[PDB]
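Q: Attaching a single structure in structure tokens format; questions to follow.
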Amino acid sequence: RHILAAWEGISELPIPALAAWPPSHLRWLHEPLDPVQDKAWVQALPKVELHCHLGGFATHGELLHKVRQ
Amino acid sequence: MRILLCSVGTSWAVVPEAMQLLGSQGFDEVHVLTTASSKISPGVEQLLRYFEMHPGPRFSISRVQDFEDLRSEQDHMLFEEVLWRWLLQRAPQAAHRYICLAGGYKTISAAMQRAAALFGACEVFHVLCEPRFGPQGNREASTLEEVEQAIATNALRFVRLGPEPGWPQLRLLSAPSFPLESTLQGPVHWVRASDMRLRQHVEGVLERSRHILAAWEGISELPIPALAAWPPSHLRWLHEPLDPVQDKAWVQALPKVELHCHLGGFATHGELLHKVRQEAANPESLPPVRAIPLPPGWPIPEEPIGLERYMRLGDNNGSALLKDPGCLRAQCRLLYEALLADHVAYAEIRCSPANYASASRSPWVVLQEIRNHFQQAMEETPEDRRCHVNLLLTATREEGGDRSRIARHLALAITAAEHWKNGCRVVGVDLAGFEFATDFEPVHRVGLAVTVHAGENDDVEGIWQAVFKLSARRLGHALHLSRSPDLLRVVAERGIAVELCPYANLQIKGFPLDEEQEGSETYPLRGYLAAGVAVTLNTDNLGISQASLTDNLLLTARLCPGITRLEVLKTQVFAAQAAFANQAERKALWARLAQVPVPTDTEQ
Amino acid sequence: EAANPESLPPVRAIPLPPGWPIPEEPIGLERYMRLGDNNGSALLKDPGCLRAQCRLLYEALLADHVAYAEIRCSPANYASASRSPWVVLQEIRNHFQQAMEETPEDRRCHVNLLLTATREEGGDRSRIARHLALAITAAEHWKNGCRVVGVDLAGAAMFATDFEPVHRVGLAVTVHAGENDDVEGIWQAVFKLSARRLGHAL
Amino acid sequence: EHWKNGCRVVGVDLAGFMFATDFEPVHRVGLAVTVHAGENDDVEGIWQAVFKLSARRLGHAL
Ligand SMILES: Nc1ncnc2c1ncn2[C@@H]1O[C@H](COP(=O)(O)OP(=O)(O)OP(=O)(O)O)[C@@H](O)[C@H]1O
Ligand SMILES: Nc1ncnc2c1ncn2[C@@H]1O[C@H](COP(=O)(O)OP(=O)(O)OP(=O)(O)O)[C@@H](O)[C@H]1O
Ligand SMILES: [Mg+2]
Ligand SMILES: [Zn+2]
């Protein structure tokens, strides 16, 4: 059901696996992002990092103390 | 709102008992579909009597005039069609749709179940009544008093099979598109169906959905998403080697993309040359028709003839001939006609307006005339079949000659880039030479795309300089990429398209044809494809080569052994992505590409 | 005479230094440029305001008895999303050609055009490229009447600009001398840019 | 060229160059270049990174 319903307009979805998503979930995906309420969904997302300096990771706090130890 | 579309046959008690599935709430309105058999009459009067009292819900009766008994299968098909039409009409929404299948024949009950599956029903139940009624108390309620007793004694067990959403494609079918012929006869409706379009539409939708679900798995390996709706046999046919002969008609119908085509090499001989000459404005200035003999076996020469002979093979048209306005107009119109005959959806033509300028006609005038001829030809064609033409300016490097033409062409391109923002546009410059970086910073500063045209050399330094010095977004005739793994990897990574002209390459350079397996001299098309390079197949010169885009796509089957048809579709997609078009033209091209011809020889 | 009076910018208030035209003290170049901010690209993007400028200017040369003039224009500064730089130049040329032909051939001031490729304070050399390409395109287009006769280099990038193409099409080059005493600048104009005239070489 | 599996060196990021004279060797060997923008609100640097440094990514191009 879900795949056929979302088949029309499948080139507008970044990940092609989103077609099998329920239509209500796709409508939610098309709604503005909520930082307070969407913390868990973003936290569980598989992400790609392309800009991260190694020398600016543990610059203060417990991480810095661990690095020094 | 809550409706209940029930079925009545010899037993009319189904409807009154079905009127209590919810209980005290009942149904705001109910309907019944049955046959026109005479035996169904007394049940109809009993139902009307039952409706006389408890007239809370709405009431109506519909019988099929062409289906009474179960003595035929065509009658069964007609009954199914009428049931679907009546469900569409008397039940606009399945969310507010309660369906009862207790009444009707066994085939009738199956029809209600199948219709609920196809079009969806908010809830499907089956009404039951204990036989503790009637004489002897061994028969179920079959009269008004007995029906009320059953409804008043809780003698009706209701089995609900659960909601049933149906098919997304079968939930947006409005009844007005499937009208049912009704004839008011008293307090009942006599419904009839004209055509069986509904059943054919449902069957086609179901088959297409099954094909889509079967192809869902490998949806990222299909160049065009619309290929998932093909039958699995078709998708298997698409993975087999391309047949140069049997597949001619399938390739001829493909919507193709042309990226490497020269305006001056189109009508170089034959009848097209004579038509172009006849169109001339002043027939006296026409140069005499030189005698240029084609090599034996043309367009497939026995041995390669190099680039100088190939270029000289088209001296009857071009700079000396297109200086006539009428000849230029005929050239443009005939080129657009040839593009239309090949089903090309997007084409980039290469022109040298400075070569066609005269005392009274500046390069700007020639360029404007070419652009307006192509735009007028485009506008004279239906949008569904219209080939979109864009223009590239060729800034060639003469052998120690006129270097002012390069400057004139670059300035012309930079000006035409802003001049036109719709229809036929000037989208880039073709650099046939350097195979000079200072001359092209202005080209990059205004957003013009650059394509470098390799020729008469097999060096990788030229390709390296074009990629990293000229910032070329496409490469023409880069037949020696495999000879440098770093260069090939860079080309694949940066997404630089490679323009290949099968016939032109074969005639100028020469490659083995119809071999068995890929040797060290085979055409590099499949080696490039396996390396991740965006490869596009083009014509170069329609006239000098005597080959169309279809002919080149077919010859790829002999230059490359085992090349599949999915590979030609991939080349078309690569060309669509590598075109210098804007968002609107790109959308139109992608809409056109989504219509691939259906194979006809999928039987082996 | 604006065609779209609903788009004309408000008439900014610009005060002239006391003693104009003869100031009591040199006001520099930056203050000089700002003094003309009520006209130019602000007003000349209007098709109707670009005619009054071209006609109110030709009758100022007639009242001064000028016999030959070369006007410096920047057609790319007046180009909108619907009027390309070539359309603006196409119009400036024909607004001067039309005015010339409507004057008796005895008091007719002959007007030619120079395209000013001004160095920009953003490194944005796209404007330079468009003007140089426009001048090369208009050099061959018009052989009679009003003509584009050269480019005005009002300003190291130009030495990396490859001004050779303008030389190959027969265009002349004029260079404004910078506000600094850059003797090394006038040297490169004569021998690198092949300038045939020098502006403000004091 | 040393490593071909696992963790690899896939490119270099220029951090304030517009000057690609000493970068032809990196493009020759196939190393991708990402140009990292500075605190200056200039667009000429972006043009040089795109066409002079042949950058494939841009950092903080605001
Ligand atoms: N957000 C940033 N913008 C610009 N430069 C940065 C930024 N973050 C780090 N850098 C610079 O990147 C350079 C190299 O990166 P990295 O942080 O890994 O080096 P480092 O020697 O450990 O850093 P540092 O001594 O500056 O903390 C450092 O010199 C730092 O100045
Ligand atoms: N296959 C090719 N390989 C390399 N250069 C080519 C090829 N085909 C055309 N050219 C170059 O393109 C230039 C302009 O292309 P076009 O075919 O439109 O020629 P033209 O304007 O008719 O002039 P002419 O045929 O007299 O050279 C030609 O002068 C030729 O130098
Ligand atoms: Mg001003
Ligand atoms: Zn070619």
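Residue names in the structure tokens use chain letters A, B, ... in the order shown, residue numbers from 1 in each chain, and ligand numbers from 1 in the order shown.
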Tell me, which residues of chain D carry DSSP strand (DSSP E), written as a PyMOL selection string?
A: chain D and resi 11-14+32-36+57-59
Q: Would you mind exporting N, CA and C atoms of the selected residues as a tab-separated table (two decimals), in the first residue's frame?
A:
```
chain	number	residue	atom	x	y	z
D	11	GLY	N	42.18	13.74	0.30
D	11	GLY	CA	42.36	15.06	-0.27
D	11	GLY	C	43.04	15.98	0.71
D	12	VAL	N	43.13	17.24	0.29
D	12	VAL	CA	43.70	18.31	1.09
D	12	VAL	C	42.71	19.47	1.08
D	13	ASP	N	42.75	20.28	2.13
D	13	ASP	CA	41.94	21.48	2.21
D	13	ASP	C	42.83	22.70	2.33
D	14	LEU	N	42.74	23.60	1.35
D	14	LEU	CA	43.48	24.85	1.39
D	14	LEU	C	42.77	25.84	2.30
D	32	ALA	N	41.49	15.10	-4.29
D	32	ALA	CA	40.44	16.10	-4.29
D	32	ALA	C	40.82	17.26	-3.38
D	33	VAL	N	40.38	18.46	-3.77
D	33	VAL	CA	40.72	19.69	-3.07
D	33	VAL	C	39.44	20.33	-2.56
D	34	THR	N	39.42	20.68	-1.28
D	34	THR	CA	38.37	21.49	-0.70
D	34	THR	C	38.99	22.78	-0.19
D	35	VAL	N	38.46	23.91	-0.64
D	35	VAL	CA	39.00	25.22	-0.32
D	35	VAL	C	38.19	25.81	0.82
D	36	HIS	N	38.88	26.25	1.86
D	36	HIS	CA	38.25	26.70	3.09
D	36	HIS	C	38.30	28.22	3.13
D	57	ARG	N	34.83	21.29	-3.08
D	57	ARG	CA	33.97	21.69	-1.97
D	57	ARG	C	34.41	23.06	-1.48
D	58	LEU	N	33.47	23.79	-0.88
D	58	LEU	CA	33.73	25.12	-0.35
D	58	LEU	C	33.31	25.18	1.10
D	59	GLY	N	34.14	25.82	1.93
D	59	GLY	CA	33.87	25.91	3.35
D	59	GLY	C	33.47	27.29	3.80
```
Q: Please identify all protein, DNA and RNA residues within 8 Å of ligand 1, counting only C-alpha atoms and all ligand atoms, and report them as JSON, numbers by chain.
A: {"A": [53, 54, 55, 56], "D": [15, 36, 37, 38]}
Q: Mind listing the residues within 12 Å of ligand 4, only C-alpha atoms and all ligand atoms counted, as a PyMOL selection string?
A: chain B and resi 259-266+307+310-311+349-351+392+394+396+430-433+451-456+475-478+499-505+508+538-542+544-545
Q: Just to be explicit: take each residue in the selection above, keep C-alpha atoms, and write the result as a PDB file, in the first residue's frame.
A:
```pdb
ATOM      1  CA  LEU B 259      25.111  17.102 -27.582  1.00  0.00           C
ATOM      2  CA  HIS B 260      27.721  17.027 -30.389  1.00  0.00           C
ATOM      3  CA  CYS B 261      26.346  18.246 -33.727  1.00  0.00           C
ATOM      4  CA  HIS B 262      27.865  20.697 -36.213  1.00  0.00           C
ATOM      5  CA  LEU B 263      25.618  23.045 -38.181  1.00  0.00           C
ATOM      6  CA  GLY B 264      27.974  23.277 -41.160  1.00  0.00           C
ATOM      7  CA  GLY B 265      28.411  19.531 -41.589  1.00  0.00           C
ATOM      8  CA  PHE B 266      24.737  18.719 -42.114  1.00  0.00           C
ATOM      9  CA  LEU B 307      40.693  13.802 -39.952  1.00  0.00           C
ATOM     10  CA  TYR B 310      37.090  13.615 -43.305  1.00  0.00           C
ATOM     11  CA  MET B 311      36.864  17.396 -42.966  1.00  0.00           C
ATOM     12  CA  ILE B 349      24.067  22.627 -32.160  1.00  0.00           C
ATOM     13  CA  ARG B 350      27.561  23.950 -32.881  1.00  0.00           C
ATOM     14  CA  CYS B 351      27.845  26.975 -35.164  1.00  0.00           C
ATOM     15  CA  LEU B 392      27.193  26.361 -28.751  1.00  0.00           C
ATOM     16  CA  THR B 394      32.822  26.920 -31.839  1.00  0.00           C
ATOM     17  CA  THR B 396      38.425  26.839 -33.445  1.00  0.00           C
ATOM     18  CA  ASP B 430      33.273  24.616 -28.024  1.00  0.00           C
ATOM     19  CA  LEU B 431      37.079  24.845 -27.895  1.00  0.00           C
ATOM     20  CA  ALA B 432      38.292  22.883 -30.930  1.00  0.00           C
ATOM     21  CA  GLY B 433      41.960  23.332 -30.146  1.00  0.00           C
ATOM     22  CA  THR B 451      33.446  21.781 -23.946  1.00  0.00           C
ATOM     23  CA  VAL B 452      36.897  20.856 -25.268  1.00  0.00           C
ATOM     24  CA  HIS B 453      37.068  19.168 -28.679  1.00  0.00           C
ATOM     25  CA  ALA B 454      40.019  16.795 -28.926  1.00  0.00           C
ATOM     26  CA  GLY B 455      41.312  15.802 -32.341  1.00  0.00           C
ATOM     27  CA  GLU B 456      44.185  14.417 -34.431  1.00  0.00           C
ATOM     28  CA  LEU B 475      35.232  16.210 -23.461  1.00  0.00           C
ATOM     29  CA  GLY B 476      34.877  15.378 -27.140  1.00  0.00           C
ATOM     30  CA  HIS B 477      36.568  12.343 -28.709  1.00  0.00           C
ATOM     31  CA  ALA B 478      38.490  11.392 -25.548  1.00  0.00           C
ATOM     32  CA  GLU B 499      31.166  12.762 -26.082  1.00  0.00           C
ATOM     33  CA  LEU B 500      31.606   9.744 -28.369  1.00  0.00           C
ATOM     34  CA  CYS B 501      30.648   9.671 -32.066  1.00  0.00           C
ATOM     35  CA  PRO B 502      30.651   6.022 -33.214  1.00  0.00           C
ATOM     36  CA  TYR B 503      30.584   6.562 -36.984  1.00  0.00           C
ATOM     37  CA  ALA B 504      32.873   9.601 -36.875  1.00  0.00           C
ATOM     38  CA  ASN B 505      35.411   7.796 -34.686  1.00  0.00           C
ATOM     39  CA  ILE B 508      38.471   8.952 -38.829  1.00  0.00           C
ATOM     40  CA  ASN B 538      26.493  11.686 -30.642  1.00  0.00           C
ATOM     41  CA  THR B 539      26.584  12.209 -34.412  1.00  0.00           C
ATOM     42  CA  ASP B 540      29.274  14.887 -34.867  1.00  0.00           C
ATOM     43  CA  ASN B 541      28.366  15.589 -38.511  1.00  0.00           C
ATOM     44  CA  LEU B 542      25.027  14.380 -39.862  1.00  0.00           C
ATOM     45  CA  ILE B 544      29.731  14.069 -43.658  1.00  0.00           C
ATOM     46  CA  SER B 545      29.087  10.837 -41.736  1.00  0.00           C
TER      47      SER B 545
END
```
Q: Can I get the residues close to ligand 3 as a PDB file with C-alpha atoms, in the first residue's frame, where close means within 7 Å and we count only C-alpha atoms and all ligand atoms?
A:
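After the write, out31.pdb holds the following:
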```pdb
ATOM      1  CA  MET C  33      31.877  60.182  -7.563  1.00  0.00           C
ATOM      2  CA  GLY C  36      26.449  62.143  -9.208  1.00  0.00           C
ATOM      3  CA  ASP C  37      24.388  59.487  -7.432  1.00  0.00           C
ATOM      4  CA  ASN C  39      21.682  59.837 -12.128  1.00  0.00           C
ATOM      5  CA  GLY C  40      23.365  56.934 -13.875  1.00  0.00           C
TER       6      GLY C  40
END
```
Q: Enumerate as a compact mmCIF listing (two decimals) with C-alpha atoms, in the first residue's frame the residues belonging to chain A that approach chain D to within 12 Å, with only C-alpha atoms taken into account.
A:
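Done, and the output landed in part_12.txt:
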```txt
# COMPACT_ATOMS: atom_id res chain seq x y z
CA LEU A 50 32.71 16.49 5.81
CA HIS A 51 34.15 19.37 7.91
CA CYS A 52 35.73 18.42 11.25
CA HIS A 53 39.13 19.59 12.49
```
Q: Find, counting only C-alpha atoms, the residue in C:169, C:99, C:111, C:146 that gets nearest to residue 133 (chain C).
A: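 Closest to residue 133 (chain C) of all the choices is C:169.
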Q: Tell me, as an MDAnalysis selection string, which residues lie within 10 Å of region 480-490 of chain B, counting only C-alpha atoms; anything in the same chain fewer than 4 positions away does not count.
A: (chainID B and resid 457:461 463:464 467 494:496 498 524 527:528 531:533) or (chainID D and resid 27:32)
Q: For the atom pair CA of residue 537 (chain B) and atom 7 (C, counted along the ligand's line) of ligand 2, what is the interatomic distance in Å to one decimal place?
A: 15.5 Å
Q: If you measure from CA of residue 10 (chain D) to CA of residue 48 (chain A), what distance in Å do you get, rounded to one decimal?
A: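 These atoms are spaced 15.2 Å apart.
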Q: With a cut-off of 8 Å and counting only C-alpha atoms, select all residues of chain A in contact with chain B and give the selection as a PyMOL selection string.
A: chain A and resi 1+3-5+11+16
Q: Generate the output file for the selected residues, N, CA and C atoms, as a PDB file, in the first residue's frame.
A:
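And here is the file that came out, part29.pdb:
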```pdb
ATOM      1  N   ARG A   1       0.838  -1.196   0.000  1.00  0.00           N
ATOM      2  CA  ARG A   1       0.000   0.000   0.000  1.00  0.00           C
ATOM      3  C   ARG A   1       0.871   1.244   0.000  1.00  0.00           C
ATOM      4  N   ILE A   3       4.083   1.758  -0.678  1.00  0.00           N
ATOM      5  CA  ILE A   3       4.943   1.952  -1.840  1.00  0.00           C
ATOM      6  C   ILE A   3       4.133   2.457  -3.025  1.00  0.00           C
ATOM      7  N   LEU A   4       2.968   1.854  -3.274  1.00  0.00           N
ATOM      8  CA  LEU A   4       2.158   2.287  -4.408  1.00  0.00           C
ATOM      9  C   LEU A   4       1.628   3.700  -4.206  1.00  0.00           C
ATOM     10  N   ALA A   5       1.216   4.034  -2.981  1.00  0.00           N
ATOM     11  CA  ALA A   5       0.696   5.372  -2.719  1.00  0.00           C
ATOM     12  C   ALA A   5       1.759   6.437  -2.954  1.00  0.00           C
ATOM     13  N   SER A  11      10.772  10.675  -7.313  1.00  0.00           N
ATOM     14  CA  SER A  11      12.009  11.386  -7.602  1.00  0.00           C
ATOM     15  C   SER A  11      12.208  12.600  -6.707  1.00  0.00           C
ATOM     16  N   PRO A  16      15.444   6.734  -1.759  1.00  0.00           N
ATOM     17  CA  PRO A  16      14.334   6.010  -2.397  1.00  0.00           C
ATOM     18  C   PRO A  16      13.595   5.072  -1.460  1.00  0.00           C
TER      19      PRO A  16
END
```
Q: Quick one: everything within 10 Å of residue 8 (chain C), counting only C-alpha atoms, minus sequence neighbours fewer than 2 positions away in the same chain. Send it as a tab-separated table (two decimals) with C-alpha atoms, in the first residue's frame.
A:
```tsv
chain	number	residue	atom	x	y	z
C	2	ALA	CA	10.63	58.10	-17.22
C	3	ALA	CA	8.57	55.30	-18.76
C	4	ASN	CA	7.84	53.73	-15.35
C	5	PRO	CA	7.43	56.73	-13.00
C	6	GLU	CA	6.39	54.31	-10.23
C	10	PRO	CA	13.52	59.08	-4.62
C	11	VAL	CA	15.64	62.13	-5.38
C	42	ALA	CA	20.00	54.64	-10.51
C	43	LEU	CA	17.93	56.38	-13.20
C	44	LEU	CA	19.24	54.95	-16.48
C	45	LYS	CA	17.72	51.48	-16.04
C	46	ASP	CA	14.47	53.11	-17.19
C	49	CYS	CA	15.17	58.01	-18.84
```
Q: Neighbouring residues of region 583-595 of chain B were defined as those with any atom within 9 Å, considering only C-alpha atoms; residues of the same chain fewer than 4 positions away were excluded. Please report them as a list in words.
A: residues 224, 225, 226, 227, 254, 255, 256, 257, 345, 346, 384, 385, 388, 572, 573, 576, 577 and 579 of chain B
Q: Determine which residues of chain C sit within 6 Å of chain B, taking into account only C-alpha atoms, and present them as a list in words.
A: residues 84, 126, 129, 133, 141, 165 and 168 of chain C
Q: Using only C-alpha atoms, which residues sit within 9 Å of residue 336 (chain B) once same-chain residues fewer than 4 positions away are excluded, as a PyMOL selection string?
A: chain B and resi 331-332+340-341+374+377-378+387+389
Q: Quick one: write out the picked residues with N, CA and C atoms as a PDB file, in the first residue's frame?
A:
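Output file part-v3.pdb follows:
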```
ATOM      1  N   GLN B 331      19.345  25.642 -44.234  1.00  0.00           N
ATOM      2  CA  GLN B 331      20.168  24.762 -43.414  1.00  0.00           C
ATOM      3  C   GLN B 331      19.539  24.553 -42.044  1.00  0.00           C
ATOM      4  N   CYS B 332      19.163  25.647 -41.379  1.00  0.00           N
ATOM      5  CA  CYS B 332      18.588  25.529 -40.042  1.00  0.00           C
ATOM      6  C   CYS B 332      17.267  24.767 -40.065  1.00  0.00           C
ATOM      7  N   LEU B 340      13.823  16.296 -35.758  1.00  0.00           N
ATOM      8  CA  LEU B 340      12.479  15.801 -35.481  1.00  0.00           C
ATOM      9  C   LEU B 340      12.299  14.373 -35.982  1.00  0.00           C
ATOM     10  N   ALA B 341      12.844  14.057 -37.157  1.00  0.00           N
ATOM     11  CA  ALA B 341      12.689  12.711 -37.693  1.00  0.00           C
ATOM     12  C   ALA B 341      13.345  11.653 -36.814  1.00  0.00           C
ATOM     13  N   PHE B 374      15.885  28.809 -35.508  1.00  0.00           N
ATOM     14  CA  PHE B 374      15.651  27.639 -34.668  1.00  0.00           C
ATOM     15  C   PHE B 374      14.474  27.859 -33.726  1.00  0.00           C
ATOM     16  N   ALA B 377      11.261  27.525 -35.711  1.00  0.00           N
ATOM     17  CA  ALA B 377      10.989  26.116 -35.977  1.00  0.00           C
ATOM     18  C   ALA B 377      10.465  25.415 -34.730  1.00  0.00           C
ATOM     19  N   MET B 378      11.045  25.720 -33.567  1.00  0.00           N
ATOM     20  CA  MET B 378      10.578  25.113 -32.325  1.00  0.00           C
ATOM     21  C   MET B 378       9.140  25.509 -32.020  1.00  0.00           C
ATOM     22  N   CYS B 387      11.377  19.419 -30.210  1.00  0.00           N
ATOM     23  CA  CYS B 387      12.781  19.309 -29.844  1.00  0.00           C
ATOM     24  C   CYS B 387      13.308  20.677 -29.437  1.00  0.00           C
ATOM     25  N   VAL B 389      16.258  23.222 -28.900  1.00  0.00           N
ATOM     26  CA  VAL B 389      17.571  23.450 -29.488  1.00  0.00           C
ATOM     27  C   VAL B 389      18.254  24.585 -28.739  1.00  0.00           C
TER      28      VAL B 389
END
```
Q: Calculate how many Å separate atom 27 (O, counted along the ligand's line) of ligand 2 from CA of residue 304 (chain B), rounding to one decimal.
A: 20.4 Å
Q: Which residue out of C:179, C:152, C:124, C:184 has the minimum interatomic distance to chain D when only C-alpha atoms are used?
A: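 Checking each of C:179, C:152, C:124, C:184 against chain D, counting only C-alpha atoms, the winner is C:124.
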Q: Please identify all polymer residues within 12 Å of residue 61 (chain C), counting only C-alpha atoms, omitting same-chain residues fewer than 3 positions from it, and present them as a PyMOL selection string.
A: chain C and resi 54-58+64-71+96+99-100+107-111
Q: Create the file for the chosen residues now, containing N, CA, C and O atoms and written as a short mmCIF file (atom, residue, chain, number, x, y, z; two decimals), in the first residue's frame.
A:
```cif
data_model
loop_
_atom_site.label_atom_id
_atom_site.label_comp_id
_atom_site.auth_asym_id
_atom_site.auth_seq_id
_atom_site.Cartn_x
_atom_site.Cartn_y
_atom_site.Cartn_z
N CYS C 54 20.37 60.62 -23.44
CA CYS C 54 21.05 60.60 -24.72
C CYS C 54 20.69 61.79 -25.61
O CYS C 54 21.49 62.18 -26.46
N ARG C 55 19.49 62.36 -25.44
CA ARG C 55 19.07 63.51 -26.22
C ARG C 55 19.36 64.83 -25.54
O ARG C 55 19.73 65.80 -26.21
N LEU C 56 19.22 64.90 -24.21
CA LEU C 56 19.62 66.10 -23.49
C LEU C 56 21.13 66.28 -23.50
O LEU C 56 21.61 67.39 -23.24
N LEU C 57 21.89 65.22 -23.78
CA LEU C 57 23.34 65.30 -23.89
C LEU C 57 23.78 65.72 -25.28
O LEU C 57 24.75 66.47 -25.42
N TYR C 58 23.10 65.24 -26.32
CA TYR C 58 23.47 65.60 -27.68
C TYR C 58 23.18 67.07 -27.97
O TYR C 58 23.89 67.69 -28.76
N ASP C 64 27.32 73.79 -27.57
CA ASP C 64 28.72 74.09 -27.32
C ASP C 64 29.57 74.06 -28.58
O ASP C 64 30.78 74.29 -28.51
N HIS C 65 28.97 73.77 -29.74
CA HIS C 65 29.65 73.75 -31.02
C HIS C 65 30.65 72.61 -31.14
O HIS C 65 31.62 72.72 -31.90
N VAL C 66 30.45 71.52 -30.40
CA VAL C 66 31.31 70.36 -30.54
C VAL C 66 31.05 69.71 -31.90
O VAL C 66 29.90 69.47 -32.28
N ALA C 67 32.13 69.43 -32.63
CA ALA C 67 32.03 68.83 -33.96
C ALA C 67 32.24 67.32 -33.95
O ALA C 67 31.71 66.63 -34.83
N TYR C 68 33.00 66.80 -33.00
CA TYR C 68 33.21 65.37 -32.86
C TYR C 68 33.32 65.05 -31.38
O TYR C 68 34.09 65.69 -30.66
N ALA C 69 32.54 64.07 -30.93
CA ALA C 69 32.54 63.67 -29.53
C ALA C 69 32.63 62.16 -29.41
O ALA C 69 32.16 61.42 -30.28
N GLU C 70 33.26 61.71 -28.33
CA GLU C 70 33.29 60.30 -27.95
C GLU C 70 32.74 60.19 -26.54
O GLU C 70 33.35 60.68 -25.59
N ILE C 71 31.58 59.55 -26.41
CA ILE C 71 30.89 59.42 -25.13
C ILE C 71 31.26 58.09 -24.49
O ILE C 71 31.31 57.06 -25.17
N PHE C 96 21.57 58.24 -30.29
CA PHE C 96 22.53 59.21 -30.80
C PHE C 96 22.52 59.27 -32.32
O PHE C 96 22.63 60.35 -32.90
N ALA C 99 19.41 61.24 -33.30
CA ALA C 99 19.61 62.67 -33.07
C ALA C 99 20.57 63.27 -34.09
O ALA C 99 20.36 64.40 -34.54
N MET C 100 21.62 62.54 -34.46
CA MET C 100 22.57 63.04 -35.45
C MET C 100 21.89 63.25 -36.80
O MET C 100 22.09 64.29 -37.45
N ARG C 107 25.92 71.60 -38.87
CA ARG C 107 26.19 71.74 -37.45
C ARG C 107 26.08 70.41 -36.71
O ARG C 107 25.88 70.39 -35.50
N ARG C 108 26.22 69.30 -37.43
CA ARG C 108 26.01 67.98 -36.86
C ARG C 108 27.25 67.52 -36.12
O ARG C 108 28.32 67.36 -36.72
N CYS C 109 27.12 67.32 -34.81
CA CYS C 109 28.19 66.73 -34.02
C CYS C 109 28.18 65.22 -34.20
O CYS C 109 27.17 64.56 -33.96
N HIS C 110 29.31 64.67 -34.63
CA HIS C 110 29.44 63.24 -34.83
C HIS C 110 29.82 62.59 -33.50
O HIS C 110 30.83 62.96 -32.89
N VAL C 111 29.02 61.62 -33.06
CA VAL C 111 29.19 60.99 -31.76
C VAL C 111 29.63 59.55 -31.98
O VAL C 111 29.03 58.81 -32.76
#
```
Q: If you run DSSP over the backbone, which residues in region 69-159 of chain C end up alpha helix (DSSP H)? Put them as a ChimeraX atom specification.
A: /C:85-101,126-141,157-159
